[PDB]
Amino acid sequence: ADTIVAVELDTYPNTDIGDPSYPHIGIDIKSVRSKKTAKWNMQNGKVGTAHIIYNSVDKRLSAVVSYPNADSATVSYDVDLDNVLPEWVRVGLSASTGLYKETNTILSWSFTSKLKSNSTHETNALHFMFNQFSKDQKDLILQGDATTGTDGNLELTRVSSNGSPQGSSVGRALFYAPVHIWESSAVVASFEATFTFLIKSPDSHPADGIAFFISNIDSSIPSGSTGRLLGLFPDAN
């Protein structure tokens, strides 16, 4: 069904499906079983920042995740996105909880995409930046349990009145406008995304994670993708 390319900030190690034995960042190409992962020293209750970059010349998707006053974690994977995704896609953020839980709060999100053609000065670009989310954010498609406006933040998964995260929750937010990632005369296509998040859990074992993803424009949450599937995949294959 959906074609998904995602960078996961996986908080819970599901060693039975290929996760390493610790929280990690990974690059998922059409499967929850990451093509590449890196140990991530996740900090419960602290605001982190993720940066994702890619360009069609190098064909390498890279991500860096950091917390203030700490060393960052980085993961890269050689992949030609032209061979994986359609030329028009939507970009978004996804998150889930299962038996274990955590808040999956997004405080800001920016994205820039550029397509430079062989025509002199021919540059097509799209850029958006959210540092504040309102209750009625018309330029975002919210799916599942995702809501905006609470403290000006985007809550990807269910959080009750008292601020407590709920289990078995899944939610995604996609930018309204389709994004053009390939064009026949483009000499270089590139994108960069940045988002800050706050993962907090009253438990010693938070779950399940947050993911930045790129999909077919009509992507929807697959049935039963709560928990380990991050609201992105229908199964663990």
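In case it trips you up, residue 1 is the first one in the sequence shown, and so on. Take the two forms, find the largest set of C-alpha atoms that superpose within 1.5 Å, and that set is the rigid core.
Given a rigid core fit, name the stretch, 93-101 or 129-137, whose C-alphas are on average farther from the form shown here in 9 other deposited structures of this protein.
Between the two stretches, 93-101 moves farther in 9 other deposited structures of this protein.
What stretch shows more C-alpha movement in 9 other deposited structures of this protein relative to this form, 187-195 or 201-209, after the core is superposed?
Between 187-195 and 201-209, greater C-alpha deviation in 9 other deposited structures of this protein belongs to 201-209.
Between 19-27 and 5-13, name whichever shows the higher mean Cα B factor according to the PDB entry.
Between 5-13 and 19-27, it is 19-27 that shows the higher mean C-alpha B-factor.
Could you check the entry and say whether 118-126 or 134-142 has the higher mean CA B-factor?
Taking the mean C-alpha B-factor of 118-126 and of 134-142, the larger value falls to 118-126.
C-alpha B-factor winner, where the candidates are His180, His205, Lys39, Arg60:
It is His205.
Highest CA temperature factor in the entry: which of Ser160, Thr157, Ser76, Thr112?
Highest CA B-factor of the listed options: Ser160.
Record-listed C-alpha B factor of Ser184: chain third
For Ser184, whose C-alpha B-factor we compare with every modelled residue in the chain, the answer is the highest third.
Quick one: classify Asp71 as lowest, middle or highest third of the chain based on its Cα B-factor.
Middle third, going by the recorded CA B-factors of the chain.
State the tercile, meaning the lowest, middle or highest third, of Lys35 with respect to the CA B-factors recorded for its chain.
It belongs to the middle third of the chain when residues are ordered by C-alpha B-factor.
Can you tell me whether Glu102 has a C-alpha B-factor in the lowest, middle or highest third compared with the other modelled residues of the same chain?
Its C-alpha B-factor, which the entry lists for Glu102, ranks in the lowest third among residues of this chain.
Which third of the chain does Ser164 land in by C-alpha B-factor: lowest, middle or highest?
For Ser164, the deposited C-alpha B-factor lands in the highest third.
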